[PDB]
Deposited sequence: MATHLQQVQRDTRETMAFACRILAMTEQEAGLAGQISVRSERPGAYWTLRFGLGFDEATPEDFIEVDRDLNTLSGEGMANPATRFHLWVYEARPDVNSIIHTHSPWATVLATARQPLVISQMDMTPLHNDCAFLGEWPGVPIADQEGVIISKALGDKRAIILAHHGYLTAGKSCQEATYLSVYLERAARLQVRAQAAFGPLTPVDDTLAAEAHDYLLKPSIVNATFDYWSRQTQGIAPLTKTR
């Protein structure tokens, strides 16, 4: 119940922080099974009852609905990364600009540091590959990283929890927006010092900050009343 509620909030947060590209969004949580948003729904309409548990053959083991067959590749990532418990893939507007231009992230600001030495870049675009080819390609290119920019496609985040995968997704999208806006006006950016970036990376990825931020974004999706007159 807690997992489905967390996944529903993660979906609403991703929709609120403007990540939508038709029905291209995917989310999963490790259960050889995984929890995922049922087929045909967007992140903005997800409720706890829309998350189903499914095996390697995409058979539903718990809940009502069918899995989005495009999430089958997530099993290869979970198999390669025992530390990963949640995966998010979207074609969000600004991260997809970096993907389309074949441009890796350049760590030049405090909030970009959760991706410092933690964002892989897959240069090859295999088109619409089958689940197995995509899983092997993405697991290999991801390596031990928390995120990957997929050239000509979008991005994927891989977190130890659904809260961490969501936090990485939002921070990667905002980091991409900052980099694209800054390079359009001023050209290539000078990165910050690697040692200080690694310290800021560890600071921003502490569970207390990740969970408090996820809970804040969750409250924002529910609506906040203006101050009374």
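> Could you give the ranges of the deposited sequence that carry no C-alpha coordinates?
Replying inline: Holes in the chain trace, numbered from 1: 1-9, 41-43, 242-243.
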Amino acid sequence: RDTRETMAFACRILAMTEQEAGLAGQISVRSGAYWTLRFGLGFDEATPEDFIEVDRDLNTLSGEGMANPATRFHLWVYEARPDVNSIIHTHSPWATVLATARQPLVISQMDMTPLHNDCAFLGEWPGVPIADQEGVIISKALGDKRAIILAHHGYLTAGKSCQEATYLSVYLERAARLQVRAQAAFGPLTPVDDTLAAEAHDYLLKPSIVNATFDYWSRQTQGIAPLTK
From here on, numbers count along this sequence of modelled residues.
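> So 7-15 or 202-210, which one's hotter by mean CA B-factor in the entry?
Replying inline: For C-alpha atoms only, the mean B-factor is higher in 202-210.
>> Mean CA temperature factor from the deposited coordinates, higher in 33-41 or in 168-176?
In response: If you average the C-alpha B-factors of 168-176 and of 33-41, the larger mean comes out for 33-41.
> When you compare the CA B-factors of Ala67, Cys162, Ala46, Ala182 as listed in the entry, which one comes out on top?
Replying inline: Highest C-alpha B-factor among the listed options: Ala67.
>> Comparing recorded Cα B-factors across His74, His89, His152, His116, which one is largest?
In response: Of the candidates given, the C-alpha B-factor peaks at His74.
>> Please place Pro82 in the lowest, middle or highest third of its chain according to the CA B-factor in the PDB entry.
In response: Highest third of the chain for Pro82's C-alpha B-factor.
>> Where does the C-alpha B-factor of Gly135 rank in its chain, lowest, middle or highest third?
In response: Highest third.
>> Going by the CA temperature factor in the PDB record, which third of the chain does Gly123 belong to: lowest, middle or highest?
In response: Middle third by C-alpha B-factor.
> Of the three thirds of its chain by CA temperature factor, lowest, middle or highest, which one includes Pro129?
Replying inline: It falls in the top third of the chain.
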